[PDB]
Amino acid sequence: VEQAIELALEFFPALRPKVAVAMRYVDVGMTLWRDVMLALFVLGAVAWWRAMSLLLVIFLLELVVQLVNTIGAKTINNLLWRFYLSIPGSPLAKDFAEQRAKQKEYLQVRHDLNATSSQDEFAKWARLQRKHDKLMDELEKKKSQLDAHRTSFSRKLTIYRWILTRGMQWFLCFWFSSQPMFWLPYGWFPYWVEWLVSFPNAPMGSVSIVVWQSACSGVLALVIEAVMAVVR
Amino acid sequence: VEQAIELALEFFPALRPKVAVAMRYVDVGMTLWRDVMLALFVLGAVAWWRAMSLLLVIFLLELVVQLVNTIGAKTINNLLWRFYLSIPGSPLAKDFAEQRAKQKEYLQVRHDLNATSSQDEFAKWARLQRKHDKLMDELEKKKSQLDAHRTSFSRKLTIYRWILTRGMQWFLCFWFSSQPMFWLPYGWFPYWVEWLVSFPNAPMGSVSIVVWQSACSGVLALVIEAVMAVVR
Amino acid sequence: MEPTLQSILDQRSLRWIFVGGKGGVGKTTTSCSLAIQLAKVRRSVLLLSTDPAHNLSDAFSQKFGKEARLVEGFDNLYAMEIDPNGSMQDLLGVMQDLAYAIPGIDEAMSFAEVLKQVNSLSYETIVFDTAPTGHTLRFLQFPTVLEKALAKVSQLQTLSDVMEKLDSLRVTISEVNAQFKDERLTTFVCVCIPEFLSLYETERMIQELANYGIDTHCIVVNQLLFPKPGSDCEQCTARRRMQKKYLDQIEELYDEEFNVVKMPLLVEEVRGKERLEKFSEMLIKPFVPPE
Amino acid sequence: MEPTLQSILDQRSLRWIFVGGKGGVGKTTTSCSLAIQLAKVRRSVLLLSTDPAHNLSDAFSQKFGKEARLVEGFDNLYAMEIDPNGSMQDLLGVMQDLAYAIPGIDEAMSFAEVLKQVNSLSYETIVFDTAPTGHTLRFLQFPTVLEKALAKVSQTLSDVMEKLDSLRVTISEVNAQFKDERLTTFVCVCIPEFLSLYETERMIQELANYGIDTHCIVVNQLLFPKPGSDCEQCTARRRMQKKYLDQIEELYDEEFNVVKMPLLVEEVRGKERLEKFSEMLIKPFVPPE
Ligand SMILES: [Zn+2]
């Protein structure tokens, strides 16, 4: 991984730059491949103004992939925090308020503890200390209860979002696959490239919905990095 | 995962067996694919008795892949334990013996501590307690030292074995690639199957060494599970 | 409450008596006084000491060892001052590494064979005495220690023999810990003296047994000097004045459901049979002057 | 060794003094007795106390609040018997939620504002008083707590972040002002019984486990036998008090100093009565023993 301990063990043995140069040329094909998918997405986007619904389905999936990028796997539950600071009919938020109320009596008796004297109220000293370790055990019982419920709620809503994400990531390819989305100009692409359409059953000469599924995330991704120039 | 809580949340919404049936047919292709690799391993095994050295190279690589299966990533260092209980010229095992010697004085003075009395030798009481926490700090210093050296030695020898493993996993495909390993009978396989020989530069109608690299691990793997019947 | 230990005499179902605290209080005098006062109305009472102050010899001018016996002047006084280090002398190499694996192993095995020697005979009741608390209170954790020990060796000469021996230690210590929480035959008393820290660590011990589920009802104090009529030392007056200040706070807590045993310091380190009888008699009839 | 505190006297570059221990010893009377002969040769000495017993009210019959002042009969006695719970009074929802992960917040803020007011002026030396030890020396963790406070977060938010950064650099320089050993000292107290010797011995290696030495140990209530007159209690009490007293003579008499302070009749109050008690810390009275 470091390419330094591998050189520290390369001394034990006694060509390599030929494969080193021969490997790096292959990435040019995939970068210009994504650049031509960028140009065909530009020409697909111009054709809608002068002239359907599935493109808007991809339009919503772009904001889904954006939230996939600017995901806070904790901050989604930070939205769930104000989600559950709202409902008064919540059973759990009632005990959450009782938790904060007990925290108020905790800090209150701790103030009365340190305010008290260890000389002439030693009986009240011990009664405070007993109430102190009385409440100290029930404190983290709620930390075991509610944070358990919270991480289970996260495990629910991860899949609850994941269904809405990958259901559209596999339905688009299930249905409306043979039905051609649009027809490529005759003669622009070699025969072997057109084959891509043939494998999902769509008629030869039209495009499928994959590069629209996966690589359109890169299309807004540069606009995502445009926002990286906006704030920073 | 359970497909029961997923049905408990399927009631919130209002086809599915079409994808259920369309998915299950794909595994037939991979099972008959492994059955034809089984038949080609049978015909490759018959061709050696009536007839070389690279088959013995694969023979050693089979025991390498076996140790890859019955790998103990700790138990390799269990071999390293008796490896380093052997050399008297080791610098580290000298301090390991000094560690056990200090452990002997530790338990000795701890016995003299608990054997002593806390009333009439209170100066010796404190001198014992001071020597106790004197040695207690130097105890885990060696646990930080030698176990660090041990995990670094493991990180060295993992790659030291990994070179001997993947160097034979790629050299074989580098050299002796165009040079044909053996010739397929004329007319048994369709032209498209012969495609595999054509890509590594070996002449059409002969085979290369891939299925011998990866799928021969399955050949002894059932014999590996034969050992699962031997002990159990 | 009733300022005596008469309720300790009255329950015939009592079997085990625990007595302790911290140093500087003279627990041995309380121990032998409790033992001899128990011998008035009991059948077979055995004392046992593990504190390295070999004090019962000084209590009776007679050497004792690793075997019980009857001492003179009594038909019920049996004791043997033993050492915890004898089991490690029995260890005197892999078991030393096991003793390194967990900070305590051999002391529990010594305690176990001690209790097997205890339950070998047919004795009525027994009593105890211990060291400072951090090395004392781990005997309650000896079942958890042996649980860790068997969980360790279950992953780790014949090993089946020490497996069956440790299983016998397991079931024996489970019967002992089960007998601990029954509370109809196991009691505990603690002692202290009128100053700050002596009173301080006392409630720490009480809340310790509170978080292990063992109550008590009796707490003894020591050296409570009451003034002689007429005669006075001028520094003794101020010592008594400050002594009452810490006394009344112990009244301010433990007068609800505990007992207070007033015991004055005598002029001599009380030895001899008859002197220990007169010293023990005050634990039934409480002396009270007008104060 | 030397039975006095002369090394504390002629140093004159000291700035910080830590004196505590355990209760029932009258350590505040020892601290005032130290400070009296402290100011006899000095210029600007300030007392600070934080124990909930307001002992300086008993010491001078004059109430001290949250501001320094001077009491009569002196030109240098300055003190303010403050409470740390005023910082809790200063905290009377996220800030109150911050008490969960770290149970100690207001004590570090109190040491902030107090040591800021201390280092505001140019006083020569200060004196201190503390709670019991496990609640005392947890203040040494304040650089660690503020370390993780700055690690917790790392314009209503960043301004307090810069304020806590100023608290960070201030507490880092004051902790750098601690291990110098030419201005920061420590004296512990004890009394002749078992447990006081026990927890004092437990106290010493704690400052050894933080890299702070000591050389001065004070004992208290050392009873002396009266010639001619005799009490039968005091004989055996003298025996018991000697028994531990000789045990400490095997302990510390090679690199520590032993202070003999005998008990008196009453709690010594008032200035002129306290002066004779404060006299014994330099000229040690010694009967023939
Ligand atoms: Zn007297």
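Don't overthink the numbers, they just go from 1 along the chain as shown.
If you're wondering, the header gives electron microscopy, 5.0 Å.
Cβ coordinates are placed from backbone N, Cα and C, and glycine is handled just like the others.
As written in Swiss-Prot, here are the features:
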type: TRANSMEM; residues: A:55-74; note: transmembrane segment
type: TOPO_DOM; residues: A:75-161; note: topological domain 'Cytoplasmic'
type: COILED; residues: A:125-152; note: coiled coil
type: TRANSMEM; residues: A:162-182; note: transmembrane segment
type: TOPO_DOM; residues: A:183-206; note: topological domain 'Lumenal'
type: TRANSMEM; residues: A:207-223; note: transmembrane segment
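For the coiled coil (A:125-152), same-chain residues at least 6 beyond its ends with a Cβ under 8 Å from one of its own Cβ atoms are 77, 92, 95-96, 99, 102-103, 105-106, 109-110, 112-113, 116-118.
For the unresolved segment of 15 residues bounded by A:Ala51 and A:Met52, the separation of the terminal Cα atoms comes to 9 Å. Residues of the same chain lying 6 or more positions beyond the ends of the transmembrane segment (A:55-74) and with a Cβ under 8 Å from any Cβ of it are 44, 48, 164-165, 168-169, 172, 209, 212-213, 216-217, 219-221, 224. Cα atoms of A:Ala14 and A:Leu15 lie 13 Å apart, with 7 unmodelled residues in the deposited structure between them. Beyond the topological domain 'Lumenal' (A:183-206), the same-chain residues lying 6 or more positions past its ends with a Cβ under 8 Å from any Cβ of the stretch are 173, 177.
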